[PDB]
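Visitor: Can you look at this? It's an experimental structure, sequence on top.
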Amino acid sequence: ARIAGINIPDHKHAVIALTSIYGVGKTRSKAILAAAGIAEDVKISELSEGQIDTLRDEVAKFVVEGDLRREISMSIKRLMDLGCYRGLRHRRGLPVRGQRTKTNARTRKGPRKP
Amino acid sequence: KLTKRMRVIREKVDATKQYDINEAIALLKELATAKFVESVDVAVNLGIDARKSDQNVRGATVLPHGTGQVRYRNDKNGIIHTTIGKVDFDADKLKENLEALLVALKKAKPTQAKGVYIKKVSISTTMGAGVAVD
RNA sequence: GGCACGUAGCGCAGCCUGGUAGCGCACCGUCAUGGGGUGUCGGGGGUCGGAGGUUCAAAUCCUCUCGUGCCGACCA
RNA sequence: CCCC
RNA sequence: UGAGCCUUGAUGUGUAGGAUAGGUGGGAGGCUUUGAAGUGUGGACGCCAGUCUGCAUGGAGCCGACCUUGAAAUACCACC
Ligand SMILES: [Mg+2]
């Protein structure tokens, strides 16, 4: 409801909230609840802050949204300065999850212009 | 269609006979038929075409006896609604009030008037049949 | 002065009869074919000639102007 | 509707 | 047989939102037995959604303000 200062994953299980968090998904939610000592069957609107601050600290160890995109941009700067084939593919503004682009890359290459 | 209230008031007047100012304050006693201080509305039917932005009115008139500084603005079709007071506000003094109102409108006469400035003055009652004077 | 037209590239409704630019053609790409046409299907294409006001809103109200037209007037 |  | 015109009849789904509400525009008492609200129906319109009125029974109660609405009531009155 208040972890990260910005996100309000209200009405979400102790782990569903962490999965809905920006920065981490399925596994780090469980890792956090395990390293902090909480169950994963109750929403966040029942837990007091004496534990929410601990969850906040426990998540403050990995990269966060404010630094997630920064690390991503750093990798992108590395690519663009290297000029590698991947850097060129990225600088041409094309979809990004893999290798194949010719006839099925429409998902992030958008629809057809002509 | 109605009760003994509205029919007598509407037959105590005449729509085709445009009364004068002096006789205008002669029947408001019978036209005032509310158990309070009922007002009397006034309408100035004007003789211009207000469809142009050039022909708007705006001002404030001083009531010579109060109701006293009342604002006014014209209409788009040429019928401006204003008021003078109530029916028991010394009917004889209602004519004196009317006198001070129209003298400020003839003075406030805009310059872009096309055709006749004024057409009619309907001194109508709030709970009865109105009257139309020149 | 007096009135009648400007709407995608073309011709048009809407009109220059209020609330929310559409019609056909033209063009592009599929489908219908054994192959085509016609056809559907979908998509680009315009802002209402220009400007200004009335409007909870204009295009569909009012003023002026632009271009093009018919009528009419016009004895430095 | 036309054509092979 | 067109046009004009006094009078009256009568108007005007936007959406919104109690609601076929044209601008204004002043405005709380109209409303009532020269014979209620509820109902009987016929009629007019109808974007038929609702306005709508004849003689009624019912037979004397409803409503403006009240409330969110582009706007307010269409209590009455206002000239179109
Ligand atoms: Mg690509």
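Guide: Noted; the coordinates are in hand. Numbers count the residues shown, from 1 in each chain, chains lettered A, B, ... in the order given.
Visitor: Mind checking what secondary structure residue A:23 has?
Guide: The three-state label given to residue A:23 by DSSP: H, G, I helix; E, B strand; the rest coil is coil.
Visitor: count of neighbours near it?
Guide: The local packing of residue A:23 (other CB atoms under 10 Å in any protein chain shown) involves 17 other residues. All C-beta atoms are positioned from the backbone trio N, CA, C, and that covers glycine.
Visitor: what's near enough to touch it?
Guide: A:4, A:59, A:62, A:63, A:64, A:65, A:68 (CB atoms under 8 Å, 6 or more residues apart in numbering or on different chains).
Visitor: In helices, which of those appear?
Guide: Among the contacts of residue A:23, the residues falling in helices (DSSP state H) are A:59, A:65, A:68.
Visitor: that older thread, generate a ChimeraX selection restricted to the buried entries among the contacts of residue A:23.
Guide: To isolate the buried ones among those in ChimeraX, judged by 16 or more other CB atoms under 10 Å in any protein chain shown, type:
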select /A:4,59,64
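Visitor: Need the contacts of residue A:23 in JSON lines (columns: distance to residue A:105).
Guide: Output for those, formatted as JSON lines (distance: CB to CB, whole Å):
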{"residue": "A:4", "distance to residue A:105": "34"}
{"residue": "A:59", "distance to residue A:105": "35"}
{"residue": "A:62", "distance to residue A:105": "31"}
{"residue": "A:63", "distance to residue A:105": "28"}
{"residue": "A:64", "distance to residue A:105": "31"}
{"residue": "A:65", "distance to residue A:105": "27"}
{"residue": "A:68", "distance to residue A:105": "25"}
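Visitor: Save the contacts of residue A:23 as TSV, and put in distance to the ion too.
Guide: Below are those laid out as TSV (distance: CB to the ion, whole Å):
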residue	distance to the ion
A:4	33
A:59	34
A:62	30
A:63	27
A:64	30
A:65	26
A:68	23
